[PDB]
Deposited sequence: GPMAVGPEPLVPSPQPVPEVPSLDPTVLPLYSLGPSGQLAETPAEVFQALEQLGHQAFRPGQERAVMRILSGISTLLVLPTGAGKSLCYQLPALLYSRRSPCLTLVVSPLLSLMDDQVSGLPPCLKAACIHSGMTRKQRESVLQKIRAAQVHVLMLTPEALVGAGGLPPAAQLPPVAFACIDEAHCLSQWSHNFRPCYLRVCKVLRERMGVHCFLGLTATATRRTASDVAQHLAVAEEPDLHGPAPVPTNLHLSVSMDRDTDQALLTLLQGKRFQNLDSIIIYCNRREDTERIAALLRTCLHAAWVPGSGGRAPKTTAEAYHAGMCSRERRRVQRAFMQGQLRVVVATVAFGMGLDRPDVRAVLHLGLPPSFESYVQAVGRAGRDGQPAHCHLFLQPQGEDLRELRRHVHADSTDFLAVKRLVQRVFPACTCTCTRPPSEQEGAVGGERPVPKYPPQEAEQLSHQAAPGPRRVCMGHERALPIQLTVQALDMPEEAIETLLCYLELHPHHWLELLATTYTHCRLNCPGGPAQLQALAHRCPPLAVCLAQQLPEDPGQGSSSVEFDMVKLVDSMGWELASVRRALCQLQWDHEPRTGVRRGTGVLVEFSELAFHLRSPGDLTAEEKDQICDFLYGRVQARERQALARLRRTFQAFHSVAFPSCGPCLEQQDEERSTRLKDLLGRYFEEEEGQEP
């Protein structure tokens, strides 16, 4: 357990910022605190959770780097930074003193990667660990907090994903905070987000147990325009050659599909072929390997590449000052996504120009709507999922393998079940993220009892060289194997069925089964290998739910979950309509009128619309 670095003064007020923090701040490279950074850093150094909403992505890294540096100087500890896979996909390396490491899904070394990082942690050669959310609550997960150094605090990047009001709600973020509190000892969180309304930011503060406090107006030097050209490719060439854009040398163009980035980049390179030396345009999307993305971003940072054509999803994790223009080929899916992308231009006070090309026949809004309706879960899927999660048990009425008679009725104390992910996805026609979402909906509800224990392998297969006689000979070493061989009038079975029927823990069953690779020589001990093969498979949700629900109670559960599915859909549709209405209300038929100078009345009117959207509760 890590004690707070700084202690509160009398009456509970924050202690005055010491000299040490400033020294550390200079050491990292930044020579000044951005607004709200000094207070937030002092909060974490005192053990107080805090939410920080930043207008631009710049300065987000310093908020966890300075406390991690100071927490690690006092006593060997570890700071967890949770951020999406895109953030760690390309081996990002920060300041050297921290000695950071990343464990993510993309790491294709399996336990070797995680253990090498674990072994590096054990050698104190790691003080900041960056985990994608899926790695923290996935199959591999993290070792117990006892094996790990004590955690000073956890930084939650993209904290808006916790709230059902944000543009990008991800239920696994609810699981992350739960595991960090229960499995780990983390009760001091730093929430970092760059895009959130007052309704979303206040909801995140509820989840992180942060006191509410005011903490993104679009800058005055950004000049916005919107048009509905007939041919977007032709219009893009016409706009970039106009006087408003022809002398801007740092442009980002956001596209919907990544096949489009390579086409637009190749188009600009051929139609603008000509001080004199520098590269015109390069595509930047997630399909490219890690090397080519690093080079493209490096070239853009060094002013050697004029245009980067990227997808909205990959976007630009890089922050560069004096970015001159941001263009959108297609309606953005939300105000948050637009302001984030546009907020990258004009970091210096110098003027920056942004133009959005709406699809003339409205096909971009129709595609976004088609996606929302496709992500909706059918009611039959919700009904079939509830039946699989709350199946009837024999506690209140043979059916049980080890009962010859029903026996006296009992009050159901819950059962542990394995919901196989791949099997349920193909049987119910719903993706894994939707199943996870509905399970998270049920756990949060107070009246409905469900526990999402873990995501792990629950199926076990045992192949024997000696056939059936060799497997029977090992029944004295493994009580789980003993009850299986009796039930059977290569063997595989469900390990969570064993858990519930014999009262064991899933780990205890897993240990005893893999102990089947050792045998004791009759003379002495000299444990030697049995040669049996033990393989775990069928990744599943490990649940704990009652088995005594009536049909009426299951129906009420379905109405709850389906109501949440429809309300999430009505919210996503309402966000699309409100987003299109704003850009259209300010749009021209072509980019001709804004080839020379933007319309200040129109640019100001749009910037005021966005401002009132985020200042709303």
Which bits of the deposited sequence have no atoms placed for their C-alpha? 1 to 25, 241 to 244, 304 to 311, 435 to 459, 552 to 560, 689 to 693
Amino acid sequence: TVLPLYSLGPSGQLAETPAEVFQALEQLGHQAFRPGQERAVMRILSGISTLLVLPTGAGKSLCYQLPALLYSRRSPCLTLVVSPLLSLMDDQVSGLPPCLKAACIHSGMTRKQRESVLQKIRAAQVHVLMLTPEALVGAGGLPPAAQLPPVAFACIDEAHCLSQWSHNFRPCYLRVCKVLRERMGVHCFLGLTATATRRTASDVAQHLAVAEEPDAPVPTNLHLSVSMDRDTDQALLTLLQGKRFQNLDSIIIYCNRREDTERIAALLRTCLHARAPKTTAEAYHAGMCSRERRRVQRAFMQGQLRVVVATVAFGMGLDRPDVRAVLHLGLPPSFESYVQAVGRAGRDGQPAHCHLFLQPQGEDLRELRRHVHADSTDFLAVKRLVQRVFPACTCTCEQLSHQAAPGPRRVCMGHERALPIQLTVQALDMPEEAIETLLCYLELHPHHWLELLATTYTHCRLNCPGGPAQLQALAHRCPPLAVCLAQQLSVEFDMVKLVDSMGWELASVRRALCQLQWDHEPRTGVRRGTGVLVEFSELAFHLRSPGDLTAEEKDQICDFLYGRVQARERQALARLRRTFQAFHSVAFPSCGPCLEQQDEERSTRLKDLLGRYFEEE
From here on, numbers count along this sequence of modelled residues.
On mean C-alpha B-factor from the PDB entry, just flag whether 518 to 526 or 362 to 370 is the higher one. 518 to 526
200 to 208 set against 119 to 127, stretch whose average Cα temperature factor tops the other in the entry: 119 to 127
Which is it among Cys395, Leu100, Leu356, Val389: the one with the largest CA B-factor in the entry? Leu100
Would you mind checking which of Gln297, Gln399, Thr424, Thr280 has the top Cα temperature factor in the PDB entry? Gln399
Position of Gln556 among the chain's modelled residues by C-alpha B-factor, lowest, middle or highest third: middle
Which third, lowest, middle or highest, does the C-alpha temperature factor of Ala381 belong to within its own chain? middle
Should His415 be placed in the lowest, middle or highest third of its chain by the C-alpha B factor in the entry? lowest
Pull the Cα B-factor of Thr579 out of the PDB entry and bin it into the chain's lowest, middle or highest third. lowest
Going by the entry, which third of its chain does the Cα temperature factor of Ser334 land in? lowest
